[PDB]
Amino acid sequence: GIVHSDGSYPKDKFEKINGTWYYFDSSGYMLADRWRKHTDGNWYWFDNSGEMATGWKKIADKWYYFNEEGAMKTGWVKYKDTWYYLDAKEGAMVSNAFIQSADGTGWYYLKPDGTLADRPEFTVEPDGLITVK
């Protein structure tokens, strides 16, 4: 936290203390373990120490990705040169789902662990039940 000469402190704004970003509410306390869709329309999240999230974060048993300046991203993002799909709506990594290509031609499959499958092996049964491996 910061306190000025007049004794006032920052309220409802972002502040970078010693090279780390934090957010203080309209009461002067920093958000901790909390989201906030900033005035800039981007979503942010702060952990136990109130530090602004960067990169991947497991939040409430789900995974989100944050750019280097704090905003949550959606769509495809590569990590360890392998792709992941983040729900364009809610923002959490998808898994075991068929996400349709951008050229409407087809689909991209993401395995139960979230990693895109670029060697998907299909197995169909008599009634047509697809089973992906």
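Residue numbers run from 1 along the displayed sequence.
In this entry, 124 to 132 has the higher mean Cα B-factor, the comparison being between 1 to 9 and 124 to 132. Here the stretch with the larger average CA B-factor, out of 28 to 36 and 79 to 87, is 28 to 36. Sort the chain's modelled residues by C-alpha temperature factor and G104 lands in the highest third, per the entry. The deposited CA B-factor of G41 belongs to the highest third of values across its chain. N48: CA B factor lies in the highest third for its chain, per the PDB record.
When the CA B factors of the chain's modelled residues are split into thirds, the value for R119 lands in the highest one.
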